[PDB]
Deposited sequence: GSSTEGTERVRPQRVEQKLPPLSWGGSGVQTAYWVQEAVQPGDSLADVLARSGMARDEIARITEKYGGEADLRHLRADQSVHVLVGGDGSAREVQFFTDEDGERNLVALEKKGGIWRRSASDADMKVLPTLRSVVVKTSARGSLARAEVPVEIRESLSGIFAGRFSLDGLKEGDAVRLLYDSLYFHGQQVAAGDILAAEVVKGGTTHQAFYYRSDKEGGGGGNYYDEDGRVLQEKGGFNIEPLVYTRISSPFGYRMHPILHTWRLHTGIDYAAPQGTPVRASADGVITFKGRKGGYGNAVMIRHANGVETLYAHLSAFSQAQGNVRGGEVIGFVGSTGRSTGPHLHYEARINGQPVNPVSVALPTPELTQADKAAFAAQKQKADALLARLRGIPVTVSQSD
């Protein structure tokens, strides 16, 4: 038994990829007939590789791939049980593993990170996190990037990257650090002193007054089904018609129906950052240039939505990232939180510090 990963090319159906990985047409039919009516298997996104576990005989035992809907990515994990295709449904299937990287830039940050196999999710989040302290494209030969992040493994196969837990960038001899601190939304990023990393202006407001965050950005395991789903933004539950505001100055690049996002507004900000405001009930008169705080629309349940909520999504260079401390203001910590933060960051700091003493990429 051994694994194979077949890269998804634009226009590929699940069948095309499985066929190209050498799987028999009969086997492909069985998979498409059984799950083709629960997820789009006819048009997969080419941002991944389909994983297939092939037994000694040469027949498939397990297939792993992501299906996409506007606002989410569902891990379709199938496995033969008694020779019958079933959805993997074990809370032991996925492991979330801490991963550490130390990269020394040769010509560019993004290229050196790409070479070290740092996933695009992580490269673009890193760029967003330090935006207020320095630009990532400004790193030169000799500069260094150290990362501690969650890596998601399904039956031993790395399928996705989770949150950055800690990051250190040494630029022109200056050390910049960011630590993830959490205590129903995710955490926030603070520097080594528990202070906000973001610039004075930029993203100074949440896009609305809301009841509660019904779903943060990130990978979540379904409590009963044990299936995995990436939420590509934050769902803020709020009453129908609640005003929605541009989180920062920018230019509106889209206003209208956007598939499963329903009524949506897209804003282009600086630094390749875009914000998306989805499921709106209505638009405002905002057009072209917008100011942070300007009303751009109103909460609804248009598109793929059960109840009223704003789906808020941040994209850096086209990649959806966790909006916290990137396209949202970071709340300042109280002296109490600063203490709890200092204690919680000691483990991550020890790891970054140990790799600092190494003058080349660790590999």
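Comparing the deposited sequence with the modelled residues, the stretches lacking C-alpha coordinates are 1 to 31, 215 to 218, 399 to 401.
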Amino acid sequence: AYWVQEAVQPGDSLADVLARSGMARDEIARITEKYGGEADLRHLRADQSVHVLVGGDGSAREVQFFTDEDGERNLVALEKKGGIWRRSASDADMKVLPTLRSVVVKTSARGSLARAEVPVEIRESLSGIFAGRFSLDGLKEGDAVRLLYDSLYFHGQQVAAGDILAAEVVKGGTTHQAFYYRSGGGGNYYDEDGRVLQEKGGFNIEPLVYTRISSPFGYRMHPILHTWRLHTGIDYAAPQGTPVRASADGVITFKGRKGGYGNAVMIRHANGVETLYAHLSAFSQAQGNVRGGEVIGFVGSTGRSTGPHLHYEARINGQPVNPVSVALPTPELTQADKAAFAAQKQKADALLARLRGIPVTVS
From here on, numbers count along this sequence of modelled residues.
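For the segment pair 294 to 302 and 62 to 70, the entry gives 62 to 70 the higher mean B-factor, averaged over Cα atoms.
Averaged over CA atoms, B-factors in the entry run higher in 74 to 82 than in the other of 74 to 82 and 125 to 133. Which of 176, 268, 226, 255 has the largest Cα B-factor in the deposited entry comes down to 226. Among the modelled residues of its chain, residue 140 has a C-alpha B-factor that falls in the highest third according to the deposited record. Among the modelled residues of the chain, residue 118 sits in the lowest third by CA temperature factor in this PDB entry. The deposited CA B-factor of residue 51 belongs to the middle third of values across its chain. Ranked within its chain, residue 199 lands in the highest third, by CA B factor from the PDB record. Sort the chain's modelled residues by C-alpha temperature factor and residue 37 lands in the highest third, per the entry.
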